[PDB]
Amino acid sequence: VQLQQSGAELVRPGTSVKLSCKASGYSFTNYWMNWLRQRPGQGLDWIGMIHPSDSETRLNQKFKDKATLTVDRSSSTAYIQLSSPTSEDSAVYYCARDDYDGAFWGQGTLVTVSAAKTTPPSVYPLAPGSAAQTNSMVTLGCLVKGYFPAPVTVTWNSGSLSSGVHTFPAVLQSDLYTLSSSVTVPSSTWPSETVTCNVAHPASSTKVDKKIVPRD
């Protein structure tokens, strides 16, 4: 058995999108096909289900005006169309079977709802605010703000600074992604030695460096 789900989707808010789930290894028209959702870092939500035999549908009322379920028995593919998707609809969509004969889930489809066009991040230096240095260690960082789509890759000194690094997961906020990264080095290393974060954003074909200058 196997449920093959379609690729990631970038959807403009207020428009629409339709995802597919191709089944194989069992009789498509013999069991209900479920559709679930998992928004960023949240739990699971059952959207509804469809029986490919007659395209009969049972929807969680919470999605009645959001999801339309259909099927194509010819290619044993299940479809879910989302109407007027908003930022609140961004999430990983799963089709699945959970019945007496089996429990199978597709690999999932990522749907990001944003009006943003490809946008390189604005990289900003995070330098201590000339506030004490009684610490043996010094923490610096880079704020990678307002980019789209995800992801970006951040390194410090071109991979020379590996340990002592924390590159936080990106958060999708107001149509754009924002992420930060910290690095800690001894007081004898910075600023006597240069510390630079390198942010690469594949989608916009950009790779920029931002040297962390001591707080003037």
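Numbers for residues come from their place in the sequence shown, where the first is 1.
> Between 22 to 30 and 174 to 182, which has the larger average Cα B-factor in the PDB entry?
Replying inline: Comparing 22 to 30 with 174 to 182, the higher average CA B-factor belongs to 22 to 30.
> Reading the B-factor column of the entry, which of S87, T118, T139, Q81 has the highest value at its C-alpha atom?
Replying inline: Answer for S87, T118, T139, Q81: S87, with the highest C-alpha B-factor.
> Looking at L126, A131, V92, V144, which has the highest CA B-factor as recorded?
Replying inline: If I rank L126, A131, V92, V144 by C-alpha B-factor, first place goes to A131.
> Once the chain's modelled residues are ordered by C-alpha B factor and cut into thirds, is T68 in the lowest, middle or highest one?
Replying inline: CA B-factor rank for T68: lowest third.
> In terms of the chain's CA B-factor thirds, is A103 lowest, middle or highest?
Replying inline: Highest third, going by the recorded CA B-factors of the chain.
> Once the chain's modelled residues are ordered by C-alpha B factor and cut into thirds, is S163 in the lowest, middle or highest one?
Replying inline: CA B-factor rank for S163: middle third.
>> When the deposited Cα B-factors of this chain's modelled residues are ordered and cut into thirds, is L36 in the lowest, the middle or the highest one?
In response: Tercile = lowest for this residue's CA B-factor.
>> Please say which third, lowest, middle or highest, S204 falls into when its CA temperature factor is compared across its chain.
In response: Tercile = lowest for this residue's CA B-factor.
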